[PDB]
Amino acid sequence: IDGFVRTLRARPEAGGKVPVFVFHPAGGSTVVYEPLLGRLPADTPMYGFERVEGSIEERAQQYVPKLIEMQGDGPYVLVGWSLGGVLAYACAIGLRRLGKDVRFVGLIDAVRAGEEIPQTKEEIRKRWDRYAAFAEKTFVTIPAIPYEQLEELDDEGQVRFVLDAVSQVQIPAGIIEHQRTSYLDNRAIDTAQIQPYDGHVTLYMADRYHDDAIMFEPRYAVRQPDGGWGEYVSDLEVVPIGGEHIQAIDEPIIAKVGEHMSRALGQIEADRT
Ligand SMILES: CCOC(=O)c1c(-c2ccccc2)oc2ccc(O)c(CN(C)C)c12
């Protein structure tokens with residue numbers, strides 16, 4: 001473990017196969033990509049990029065220099081499930097804009113909501129009204145939500161504001177931090193401003209988001225056939241894998257992703273020779 005870069009399989013000292021760069025999921029680390037690694041060719045290196053702060057573009061501003069430090073002009077293979085897919089895609093845009101050679105972008109069910117999630121004050125009220133209802137059922141009666149305070153804050157400020165009010169009661173630090181970061185990682189998916197990308201993108205597409213994901217944001221109950229990426233990616237390939245979003249990263253479904261991805265890496269390795 002080195003900063004935000006986790007070594008899943010080290011590359012040899014010099015030479016060897018093109019590394020696969022994986023990006024962490026919402027609320028998790030790149031350890032989730034080990035089953036994928038087992039389904040990729042022998043001696044395929046893999047490095048995982050862990051959580052950093054900011055907007056998607058601000059996070060890619062931190063990732064891209066590190067990617068270039070590790071791999072130079074390319075070839076770049078960028079892969080991500082959940083939020084990691086959006087992160088991989090933003091890095092692809094950043095690397096291509098600097099003239100780097102991006103050969104593969106693999107989105108593992110990084111599927112946009114079927115209806116756009118507005119970034120408006122009305123949506124802040126709707127969002128927190130929903131969460132308040134969850135806190136009433138699962139725990140109490142909740143007073144009027146101070147909407148005027150919330151709508152001036154960003155997502156990090158909103159959740160800190162609510163945690164501060166909840167204290168004034170007692171929640172363990174480890175649980176608060178895990179929920180906070182998982183919540184913030186998911187909101188980062190919602191608020192991502194997707195830019196056009198002119199390279200080939202491979203979208204492994206499950207059947208649907210899992211139930212808990214839909215409970216937090218019901219617009220995820222519907223997906224478009226292109227997963228919301230077609231309008232930004234003209235060179236888009238979709239690989240149906242079935243199942244639920246939460247299963248896409250695990251055996252047995254990852255075998256389908258890995259079999260397809262292994263073929264793509266093989267062609268990349270051939271084209272280097
Ligand atoms: C268990 C799945 O939960 C999540 O999907 C979300 C959490 C969450 C909160 C606390 C713990 C874990 C996840 O917070 C969110 C906020 C907005 C939102 O759209 C989503 C849905 N995502 C698929 C994007 C979530």
Side-chain angles (χ1 to χ4, degrees), residues 23-32 50-51 53-56 59 80-90 107-136 139 142 145 147 150-151 153-166 171-194 203-214 216-224 226-229 241 243-250 253:
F23 296 76
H24 73 94
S29 84
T30 59
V31 68
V32 303
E50 303 291 358
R51 185 171 27 258
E53 314 277 60
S55 66
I56 300 296
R59 299 190 198 202
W81 171 62
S82 170
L83 170 59
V86 175
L87 295 175
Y89 181 91
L107 312 181
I108 303 175
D109 205 58
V111 169
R112 312 300 299 156
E115 164 189 318
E116 187 183 323
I117 301 165
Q119 299 192 56
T120 64
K121 291 182 176 175
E122 173 71 351
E123 192 62 30
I124 299 176
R125 300 167 65 92
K126 302 282 235 300
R127 193 183 308 143
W128 285 104
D129 281 348
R130 193 179 311 120
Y131 303 167
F134 293 159
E136 287 189 322
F139 296 96
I142 291 182
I145 289 171
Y147 303 109
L150 284 172
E151 66 186 21
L153 300 175
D154 62 13
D155 285 298
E156 186 166 87
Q158 288 168 40
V159 61
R160 179 52 74 197
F161 187 98
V162 174
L163 292 178
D164 288 344
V166 162
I171 308 166
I175 299 190
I176 286 299
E177 187 59 22
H178 184 270
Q179 295 295 113
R180 195 188 68 88
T181 55
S182 294
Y183 173 77
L184 292 178
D185 278 353
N186 275 281
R187 291 284 303 140
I189 299 175
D190 289 5
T191 61
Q193 302 300 104
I194 311 301
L203 174 56
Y204 303 91
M205 179 96 66
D207 287 336
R208 62 181 296 270
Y209 274 101
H210 52 307
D211 287 347
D212 283 347
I214 297 161
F216 276 97
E217 174 49 83
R219 294 178 184 91
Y220 283 108
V222 168
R223 31 179 76 192
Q224 310 295 321
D226 69 341
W229 293 93
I241 62 178
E244 296 178 1
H245 180 82
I246 190 69
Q247 303 167 311
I249 198 64
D250 287 320
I253 291 179

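Order of appearance sets the numbers: ligands from 1, and atoms from 1 within every ligand. The chain is numbered in sequence order, starting from 1.
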Looking only at N/O atoms, are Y209 and ligand 1 under 3.5 Å apart anywhere?
no
Stacked cation flag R223 on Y209, 6.0 angstrom / 45 deg
yes
Counting from 1, what ligand 1 atoms have a heavy atom of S182 closer than 4.0 Å?
11 (C), 12 (C)
Under 4.0 Å from any heavy atom of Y131, which atoms of ligand 1 are there?
16 (C), 17 (C)
As an exercise, state the distance from CZ of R125 to OG1 of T120, rounded to the nearest 0.5 Å.
11.0 Å
For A213, atoms of ligand 1 separated by under 4.0 Å from a heavy atom:
2 (C), 5 (O), 21 (C), 23 (C)
Classify the contact between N186 and ligand 1 as side chain, backbone, both or neither, using a heavy-atom distance cut-off of under 4.0 Å.
both
Which heavy-atom pair separates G85 from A110 by the least distance, and what is that distance?
CA-CB, 3.9 Å
May I ask you to check whether over 12 heavy atoms, not counting those of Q119, lie within 6.0 Å of atom CD?
yes
I'd like to know if the side chain of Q158 pairs up with that of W128 as donor and acceptor (distance under 3.5 Å, no hydrogens or angles considered).
yes
